Amino acid sequence: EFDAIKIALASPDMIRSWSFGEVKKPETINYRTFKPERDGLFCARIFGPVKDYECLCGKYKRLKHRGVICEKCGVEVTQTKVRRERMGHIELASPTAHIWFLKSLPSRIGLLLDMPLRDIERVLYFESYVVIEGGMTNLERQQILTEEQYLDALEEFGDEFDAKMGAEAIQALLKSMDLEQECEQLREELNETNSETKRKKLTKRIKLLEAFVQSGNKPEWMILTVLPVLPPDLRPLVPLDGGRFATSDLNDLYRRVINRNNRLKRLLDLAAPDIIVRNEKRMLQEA
Amino acid sequence: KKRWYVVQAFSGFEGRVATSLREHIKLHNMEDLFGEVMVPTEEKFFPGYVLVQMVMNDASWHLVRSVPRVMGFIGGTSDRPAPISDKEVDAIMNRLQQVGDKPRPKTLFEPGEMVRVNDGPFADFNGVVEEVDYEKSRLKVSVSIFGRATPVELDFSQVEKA
Amino acid sequence: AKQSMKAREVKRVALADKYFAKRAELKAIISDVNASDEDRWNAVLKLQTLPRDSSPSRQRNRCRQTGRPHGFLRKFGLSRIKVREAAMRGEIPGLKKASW
Amino acid sequence: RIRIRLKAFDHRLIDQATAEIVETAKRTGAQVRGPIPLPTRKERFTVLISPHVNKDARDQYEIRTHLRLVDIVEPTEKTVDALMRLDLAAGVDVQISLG
Amino acid sequence: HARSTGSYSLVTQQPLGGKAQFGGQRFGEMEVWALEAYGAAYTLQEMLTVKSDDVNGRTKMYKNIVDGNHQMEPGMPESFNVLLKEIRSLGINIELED
Amino acid sequence: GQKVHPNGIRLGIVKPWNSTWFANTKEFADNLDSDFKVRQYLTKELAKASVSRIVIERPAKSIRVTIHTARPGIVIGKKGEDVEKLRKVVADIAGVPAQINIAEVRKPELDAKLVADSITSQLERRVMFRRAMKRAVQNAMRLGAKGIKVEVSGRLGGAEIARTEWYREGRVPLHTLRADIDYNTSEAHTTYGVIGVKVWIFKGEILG
Ligand SMILES: [Zn+2]
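Undergrad: Explain the overall build of chain D to me, please; I cannot follow it from the model alone.
TA: Across its full length, chain D carries 2 helices and 5 strands. From first element to last, N terminus to C terminus, chain D shows the α and β order β-α-β-β-β-α-β. In terms of C-alpha radius of gyration, chain D reaches 19 Å, well past the compact-globule figure of 13 Å for 99 residues. Dimensions of chain D, computed from C-alpha atoms along their principal axes, come out at roughly 65 × 20 × 20 Å. Across the 99 residues in chain D, those meeting the buried criterion constitute 44%. Excluding contacts between residues fewer than 6 apart, the proportion of contacts in chain D whose partners are at least 24 apart in sequence is 73%. A gap of 5 Å separates the mean positions of the 17 positive and 14 negative side-chain charges of chain D.

Undergrad: Explain the side chain of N93(E) here, please?
TA: As for its position among the elements, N93(E) is in strand 1 (residues 92-94). Every residue in contact with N93(E), bar those within four places of it in the chain, is listed here: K6(A), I7(A), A8(A), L9(A), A10(A), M14(A) and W18(A).

Undergrad: Teacher, can you tell me more about the coordination of the zinc ion here?
TA: When a metal carries six donors in an octahedron, the ideal angles between them are 90 or 180 degrees, while four donors in a tetrahedron ideally lie at 109.5 degrees. Residue and element names in this part refer to chain A. Of the protein atoms, only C55 (SG) and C70 (SG) coordinate the zinc ion, at distances of 2.7 to 2.8 Å. Remark: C70 occurs in the loop between strand 2 (19-22) and strand 3 (87-97) and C55 occurs in the loop between strand 2 and strand 3; sequence separation between them is 15 residues. For the pair formed by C55 and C70, the shared burial category is buried.

Undergrad: Before we go on, may I ask you to explain the sheet that holds strand 4 (residues 129-131) of chain A in this structure?
TA: A sheet is described by the order of its strands in space; here 3 strands give the open sequence 5-4-6 (chain A), paired in antiparallel fashion. Each edge of the open sheet is held by one strand with a lone partner, namely strand 5 (144-145) and strand 6 (163-164) of chain A.

Undergrad: Hey, could you run me through helix 7 (residues 249-270) of chain A in this one?
TA: For an α-helix, 3.6 residues make a turn, and residues three or four places apart therefore share a direction. Residue and element names in this part refer to chain A. Its 22 residues give helix 7 an end-to-end C-alpha distance of 32 Å, which sits within 8% of 32 Å, the value for a rise of 1.5 Å per residue. Taken together, the buried positions of helix 7 are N251, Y254, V257, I258, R260, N261, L264 and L267. Next to the buried residues of helix 7 lie strand 3, strand 7 (223-229) and helix 8 (274-286). Phi for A271, located one or two positions after helix 7, is positive at around 55 degrees.

Undergrad: Any chance you could explain the interface of chain A and chain E here in plain terms?
TA: Many descriptions give the size of an interface as the accessible area lost when the pieces come together. Every contact between the two is made by 29 residues of chain A and, on the other side, 23 residues of chain E. Roughly 2200 Å² of surface becomes buried between chain A and chain E when both sides are summed, with 66% attributable to carbon and sulfur atoms. On the chain A side of the contact with chain E, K6(A), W18(A) and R84(A) bury the most area, a combined 22% of that side's loss. Taken together, the connections running from chain A to chain E amount to 1 salt bridge. We note a salt bridge from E78(E) to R84(A), for which the minimum N-O separation is 4.0 Å. Put simply, the parts of the chain that give the side of chain A that touches chain E at least two residues each are strand 1 (7-9), helix 1 (12-18) and strand 7 of chain A. The pairing of strand 1 of chain A with strand 1 of chain E spans 3 bridges and is classified as antiparallel. Opposite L9(A), over in strand 1 of chain E, you have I92(E) as the bridge partner.

Criteria and thresholds
Bear in mind the residue numbers are our own, running from 1 along each chain as written, so they may not match the entry, and residues with no coordinates are left out. Note on labels: chains are lettered from A, ligands numbered from 1, in written order. Values throughout apply to the visible chains only, these chains being members of a larger assembly. The basis for every side-chain value is the complete set of non-hydrogen atoms in the structure, without hydrogens or water. Residues with missing side-chain atoms are left out of burial classes, side-chain pairs and their counts. A helix here means a DSSP run of H or I that spans at least four residues, while a strand means a run of E at least two residues long, and both kinds are numbered starting from the N terminus. Every radius of gyration here is taken over C-alpha atoms, with the globule rule written as 2.2 Å times N^0.38, N being the number of residues. Only protein chains enter the accessibility calculation, which uses a 1.4 Å probe; a residue is then buried when its area is under 20% of its type maximum, exposed when over 50%, and partly exposed in between. Residue contacts are counted whenever heavy atoms from the two residues lie within 4.5 Å of one another. For this count, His and the chain ends are skipped, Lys and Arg are scored as positive, and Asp and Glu as negative. Charge positions are represented by NZ for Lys, CZ for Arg, CG for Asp and CD for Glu. We call an atom a donor if it is N, O or S and sits within 2.8 Å of the metal, or 3.2 Å for Na, K and Ca. Water is not counted, so some sites may look partial. Only strands that DSSP links by at least two bridges are regarded as paired with each other. How far a helix is expected to stretch is found by multiplying one less than its residue total by 1.5 Å. Each of two parts loses accessible area, computed with a 1.4 Å probe, when they are put together; buried area is these two losses added. Each reported salt bridge corresponds to a side-chain nitrogen of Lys or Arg within 4 Å of a carboxyl oxygen of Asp or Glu.

Here's what the structure looks like:
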């Protein structure tokens with residue numbers, strides 16, 4: 001039936017190909033009746049109909065037209081286990097780097113961008129700035145920048161100068177990181193040195209640099225742009241004996257990410273100042 | 001000169017944080033070190049942030065963080081926290097002055113476009129305007145409910161805004 | 001009809017649409033007895049300037065399927081000939097051969 | 001009171017609608033006025049049938065728009081809404097009017 | 001306690017646990033090791049695909065047992081598809097090749 | 001031009017209309033052009049698919065099309081894969097939320113429109129017309145039609161002199177209004193010209 005299981009990174013096109021509809025609203029269910037939310041976490045159109053071969057709201061109560069989707073229902077028409085395989089995707093307003101590739105010991109983004117973990121987190125939690133192809137100035141590419149380092153630079157290099165922060169900046173760095181070029185450099189660096197410690201420090205960096213080129217894994221796939229949501233059936237919402245719903249923990253996590261993402265979209269609509277959207281994107285990153 | 005700063009409160013207790021902040025000012029009588037306290041509101045941005053006209057001494061910083069149900073300032077660092085701007089205050093002032101120039105009784109009414117009907121029997125509905133006289137103030141807007149939306153006899157009476 | 005003629009009809013419809021308001025305004029001015037002669041005079045002169053096809057009366061009702069100028073019907077937008085075909089095939093709702 | 005104007009081409013269809021609506025009114029509310037049938041509009045059309053020329057060859061079609069007037073004397077809370085969910089058969093333009 | 005065929009859990013299609021809930025005994029990990037230690041291969045395959053998890057597999061099994069044909073149509077554990085959805089719900093792209 | 005169109009004359013009694021929607025004069029013609037456009041589209045699209053009768057019906061600013069086809073599968077393709085593609089283009093054509101339904105035509109040998117097309121296809125690929133007509137008639141009778149008549153006209157076998165021929169079998173009463181007479185037409189665009197095909201299929205009488 002099938003040979004080997006292949007694991008790789010998830011591209012945003014791959015996550016949009018898994019998906020069946022963008023999960024917008026964080027509203028779980030109605031909670032006073034029995035119906036869900038249109039269109040919230042537990043949607044109808046994005047996933048499927050609760051009942052088998054039934055529009056949850058009202059049409060098709062026999063076995064003839066399995067598939068029709070009226071405007072009054074905004075519902076698919078398939079099996080009860082169809083929602084268990086279907087997954088949704090949350091359009092994260094602000095880019096958020098993965099925690100599994102930022103804190104794995106050693107971090108995947110720590111030995112790839114030649115930057116210490118401490119400095120990586122600082123910029124990631126809106127506490128430090130990072131340069132990206134500045135131009136004709138006296139600054140490196142990996143070197144970071146602080147409030148005082150940026151303020152002075154802002155008044156100095158007001159023209160051709162780029163110094164972002166957070167996952168966005170990190171993403172750019174990874175995106176603009178010629179893998180092949182680094183290989184030769186690293187390989188030449190390992191053959192032009194005798195330092196024991198350096199040799200081991202260079203062989204561990206070039207090993208993860210050539211392995212990324214051997215596969216179809218991109219450097220910009222580390223940062224999460226199109227967060228995927230697990231199927232409702234796999235995060236079940238059943239009530240215990242009584243009249244309340246004992247809700248799972250993942251519904252709390254997804255509902256907070258969606259609440260924060262809606263807040264961040266509204267603040268980028270309203271053009272809030274810098275410190276507000278830095279706290280907003282930082283709360284989304286931590287969420 | 002007093003510059004602005006952003007305070008984070010427990011979101012939901014924001015008016016009580018503003019009242020307790022004014023009261024802590026008038027307790028510890030640093031009256032010359034505080035100008036205002038803003039929580040703006042639309043018919044509520046910002047969702048959990050309190051704007052304070054202030055100056056920066058470490059005494060006033062400890063005062064604002066000793067106000068209860070206040071997490072802290074939001075800035076570049078916690079040593080010298082950050083004021084916001086001033087060039088975006090001129091454009092925000094013109095937008096705040098146009099908050100009561102209209103958006104009420106536009107001369108006559110506002111039929112013809114999409115609107116939400118909700119009054120007496122024919123309530124909680126909608127439909128676009130296709131017939132409405134301003135000489136007799138009569139609006140026979142379609143009663144869209146079961147597809148066939150024949151504009152029933154009505155007027156700027158049930159005319160909502162949906 | 002030729003393709004060109006229909007295209008000619010379309011252009012006319014657009015122009016009528018485009019210049020409907022200004023054309024209407026001018027006429028009211030010209031009509032208004034309580035208006036200055038020089039103002040009226042300008043209005044009529046202004047009216048000439050406007051493109052001729054702008055006038056609604058220039059455009060002819062053609063069959064929506066064949067563009068056939070004669071035998072048109074307003075209710076259906078089709079020349080008598082096509083009207084019958086549709087009628088027989090049943091395309092036209094409620095329409096049927098009448099006898100009284 | 002709720003004045004309702006049913007209009008359609010097939011008379012059988014319209015009658016089916018009218019009976020249906022009455023039941024909705026009668027169960028929920030009370031004192032349904034009645035299905036009052038207004039005059040039928042017989043919009044006629046004549047057309048030449050020859051492709052080219054015979055002024056005597058003609059068909060004469062028509063469209064019979066039928067009317068029904070239903071009124072509800074007492075709109076109850078239950079009755080009025082009942083229609084909301086209670087749509088009718090297609091191709092029969094209803095037109096409700098309270099007062 | 002004894003169970004032929006009772007209720008099944010909701011998130012992973014495996015039988016429930018306990019006695020008050022009419023459940024089945026946990027064929028734990030060390031028992032899987034003890035059946036790898038023999039050469040019993042079909043016993044372990046039905047012990048963790050047919051008898052436990054695969055829903056179409058176990059309805060085919062129940063029809064085949066009440067008709068006298070001792071035979072299993074294997075299929076896939078549904079809880080492995082749950083593992084695919086939980087790993088796939090991260091930024092990770094797990095698949096099944098060929 | 002002697003005979004009256006059998007379908008039309010029966011629209012009131014036994015045949016239903018195809019387009020079934022109400023409109024006032026204002027929105028009437030536009031609907032018609034709308035309907036014409038969409039039918040044209042579907043036919044162009046569903047040529048290889050055996051489609052018999054497109055029934056348009058638009059309630060509440062929404063057009064519900066109903067396609068009668070012999071083989072829905074080719075119309076539907078992969079589940080909801082082809083139909084969906086149609087729906088959106090229909091909406092673009094109608095300019096309103098569209099809805100396509102696919103009614104399955106049992107016994108395509110009895111549907112007139114289908115038969116005509118089959119004949120037309122047969123002519124297009126240069127078969128002996130007479131041999132074609134027989135098959136239509138025989139098939140129809142075999143399937144159990146009360147009666148059937150078929151007629152073809154023009155440049156038959158590329159003959160210079162156009163003539164018309166027609167085979168009847170069973171009984172095909174046209175004067176009887178209550179007779180269910182599925183009538184329809186096609187045109188074969190042969191190298192030698194157009195060849196029109198009419199076919200009457202008399203399912204039986206309706207008693208009301
Ligand atoms: Zn439905």
